[PDB]
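Numbers for residues simply follow the sequence, beginning at 1. Note that ligands are numbered from 1 as they come in the structure, with each ligand's atoms numbered from 1 the same way. The figures here come from the full heavy-atom set of this structure, side chains too, leaving out hydrogens, waters and symmetry mates.
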Amino acid sequence: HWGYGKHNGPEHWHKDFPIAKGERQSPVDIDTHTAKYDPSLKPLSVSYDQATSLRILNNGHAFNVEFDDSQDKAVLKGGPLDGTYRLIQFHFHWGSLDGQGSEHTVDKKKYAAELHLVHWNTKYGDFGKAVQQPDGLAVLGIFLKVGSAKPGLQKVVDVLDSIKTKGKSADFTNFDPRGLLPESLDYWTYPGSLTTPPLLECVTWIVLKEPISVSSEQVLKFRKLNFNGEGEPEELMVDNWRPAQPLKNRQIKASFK
Ligand SMILES: CCCC(=O)Nc1nnc(S(N)(=O)=O)s1
Ligand SMILES: CCCC(=O)Nc1nnc(S(N)(=O)=O)s1
Ligand SMILES: [Zn+2]
């Protein structure tokens, strides 16, 4: 089964998921000088005030904080998006070292980690139908650098002990994802894919320019998670990031001058 190891990592995924070599794969390097300001892009609308988190799950590849997406409670709209996209989960990708971990890069710079807030287009009714559509998902990507702690991340950090191994979940209610955003909502945007199998080409990527700062202790706790299940040989959940893929026939647009 696919993963991030030497024998099942990103260079192997194409054998089971041939779209891995497709025309709109993610992540990509964001070349800041080549991205073009698009004054027709509207400001992002992040409406998370009514978000209902439910559960946190170690799925053997990352951990997902899952939300109640049965109503329009936490939605993303505006920016490059047409219509309303409902938050379903967020998760991170991170490195074994502070010098790596993000999936998107900025002028080839890798951040220590990257947060993905995953939303599905409500016109498709459910996430499973949305992923079959070229505009089915909107993923808001936020870079993490190591520095000062992120207070709003700490509740996530502190529950990770309870979901150390693949398949473990824990109740995770009343978590406010607004505590994970940076101050500015300036963004780059381009059409892409899921960055994990099945790598479906269904994502409008919105990547914020401003990273958030997390502490070394916070990211160290991410790195204590396990890819393996309980009772299996311990393999630290680190470096669960796919590297940048060819941009091909795509233009990255910037929301800011
Ligand atoms: C020794 C590990 C065995 C293994 O994992 N082999 C794979 N070959 N292709 C894979 S996938 N789902 O990424 O395409 S996994
Ligand atoms: C329960 C939602 C299923 C889901 O979100 N699947 C994803 N697979 N790759 C993603 S990424 N790294 O592109 O945001 S999201
Ligand atoms: Zn992701």
May I ask you to say whether [X] pairs ionically with [Y], meaning some side-chain N is under 4.0 Å from a carboxylate O?
X: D161; Y: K224; result: no
X: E234; Y: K164; result: yes
X: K109; Y: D107; result: no

Does the side chain of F90 reach to within under 4.5 Å of the side chain of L180, using non-hydrogen atoms?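 Answer yes - side chains close enough.
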Side chains of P243 and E11, heavy atoms from C-beta outward: is any pair under 4.5 Å?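 The answer is yes; the side chains approach within 4.5 Å.
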Would you mind running through ligand 2 and noting each atom that sits below 4.0 Å from a heavy atom of [X]?
X: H93; answer: 12 (N)
X: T196; answer: 8 (N), 9 (N)
X: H116; answer: 11 (S), 12 (N), 14 (O)

Is there a donor-acceptor pair under 3.5 Å between the side chain of [X] and the backbone N or O of [Y]?
X: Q132; Y: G128; answer: yes
X: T189; Y: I206; answer: no
X: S193; Y: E201; answer: no

With 2.8 Å as the limit, count the protein N, O or S atoms near the Zn ion (ligand 3).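 Under the 2.8 Å cut-off, the count stands at 3.
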Heavy atom of [X] under 4.0 Å from ligand 2?
X: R242; answer: no
X: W205; answer: yes
X: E66; answer: no

Can you work out which protein residues put a heavy atom within less than 4.0 Å of ligand 1?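 Lining ligand 1: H1, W2, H7, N8, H12, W13, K15, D16.
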What part of [X], side chain, backbone, both or neither, has a heavy atom within less than 4.0 angstrom of ligand 2?
X: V118; result: side chain
X: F92; result: neither
X: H91; result: side chain

Hey, which of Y190, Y187, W241 is the one that makes ring pair (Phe, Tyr, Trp, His ring centres under 6.0 Å) with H104?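 One option only clears the test, and that one is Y190.
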Do you know which of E103, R250, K248 makes side-chain contact (heavy atoms from CB on, under 4.5 Å) with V28?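 Answer to the side-chain contact (heavy atoms from CB on, under 4.5 Å) test with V28 among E103, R250, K248: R250.
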Around atom CG of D126, are there more than 12 heavy atoms of other residues, nucleotides or ligands at under 6.0 Å?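 Yes - once you tally the heavy atoms of other residues, nucleotides and ligands closer than 6.0 Å, there are more than 12.
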Tell me if the aromatic rings of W120 and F127 count as close, with their centers under 6.0 Å from one another.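 Here the rings of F127 and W120 have centres that are no less than 6.0 Å from each other.
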What orientation do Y4 and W13 show, parallel under 30°, tilted 30 to 60°, or perpendicular over 60°?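 Aromatic pair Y4/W13 classed perpendicular.
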For a side-chain hydrogen bond (donor to acceptor under 3.5 Å, both in side chains) with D68, tell me which candidate from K73, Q50, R55 qualifies.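 Only one of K73, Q50, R55 forms a side-chain hydrogen bond (donor to acceptor under 3.5 Å, both in side chains) with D68, namely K73.
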